[PDB]
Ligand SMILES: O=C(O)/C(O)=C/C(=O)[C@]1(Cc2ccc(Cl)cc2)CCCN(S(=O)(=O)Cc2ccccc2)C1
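We begin with a single chain expressed as structure tokens, specifically the form solved without the named molecule.
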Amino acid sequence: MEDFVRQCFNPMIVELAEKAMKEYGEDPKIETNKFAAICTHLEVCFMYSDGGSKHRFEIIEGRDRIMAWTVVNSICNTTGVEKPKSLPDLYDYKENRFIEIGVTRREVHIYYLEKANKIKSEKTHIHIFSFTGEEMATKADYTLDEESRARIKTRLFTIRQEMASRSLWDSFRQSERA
């Protein structure tokens, strides 16, 4: 699983994931499923930001915390948008909203509810992907064109396929907590 992560995700993604774990005192060589899941989430965030026209999205996820909030608070000042209680993943300059992205090993509906709740913000839009082609967005507004979504869903499906080929999928699949 460690090896699969290091083989399947760009080294920038792996470095950020390693860092995010060690900031919580977790060792990526031991909590290897969390390692994969962080990497997957970052990957989808980055894919998603490429999905628009360029300049459509600002990436917030993946930044150190000071930079992330610097971006967030700059956008709130510029655009007048309500400042979130916790860091989201992207800002959409076309729809003028923050977006919270989730990638679930469970079911999109439950994950969406947990997110809606974990953040509970009237403002932030939420878009959840599963590894089996499901997707659940705020007000069924899916933000990107269907081709862009399909590339994301295809990447997640390929990851899941590649893990199951190494017998990693069962354990990974079962590792997400409510």
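Don't overthink the numbering: it's just position in the shown sequence, from 1.
Of the two segments examined, 11-19 and 151-159, it is 151-159 that shows the higher average Cα temperature factor in the deposited entry.
Here the stretch with the larger average CA B-factor, out of 37-45 and 108-116, is 108-116.
Based on the entry's C-alpha B-factors, the most elevated value among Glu146, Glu26, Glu58, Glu61 belongs to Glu146. Ranked by C-alpha B-factor against the other modelled residues of its chain, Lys139 falls in the highest third. Among all modelled residues in its chain, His125 ranks in the middle third by Cα B-factor. Ranked against the other modelled residues of its chain, the C-alpha B-factor of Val103 as given in the entry falls in the lowest third.
Per-chain ranking of the deposited C-alpha B factor places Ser53 in the highest third. When the modelled residues of the chain are ordered by their C-alpha B factor, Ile75 lands in the middle third.
The same protein also has a form deposited with the named molecule bound, omitted here; what follows describes it.
Open site. The named molecule, superposed from its pose in the entry with it bound, has no atom within 2.4 Å of any backbone or C-beta atom of the chain shown.
The named molecule is not shown here, but in the entry with it bound it comes within 4.5 Å of a heavy atom of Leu87. For the chain shown alone, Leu156 is not a contact residue for the named molecule in the entry with it bound, no non-hydrogen atom being within 4.5 angstroms. In the entry with it bound, the named molecule lies within 4.5 Å of some heavy atom of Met21. Remark: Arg63 counts among the residues lining the named molecule in the entry with it bound, judged by a heavy atom distance of 4.5 Å or less.
Just one of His125, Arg149, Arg56, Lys115 comes within 4.5 Å of the named molecule in the entry with it bound, counting any heavy atom, and that one is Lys115. Of the residues given (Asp145, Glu134, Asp141, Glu26), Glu26 alone sits with a heavy atom within 4.5 Å of the named molecule in the entry with it bound.
Contact residues in stretch 31-45 (any heavy atom within 4.5 Å of the named molecule, taken in the entry with it bound) are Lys34, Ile38, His41.
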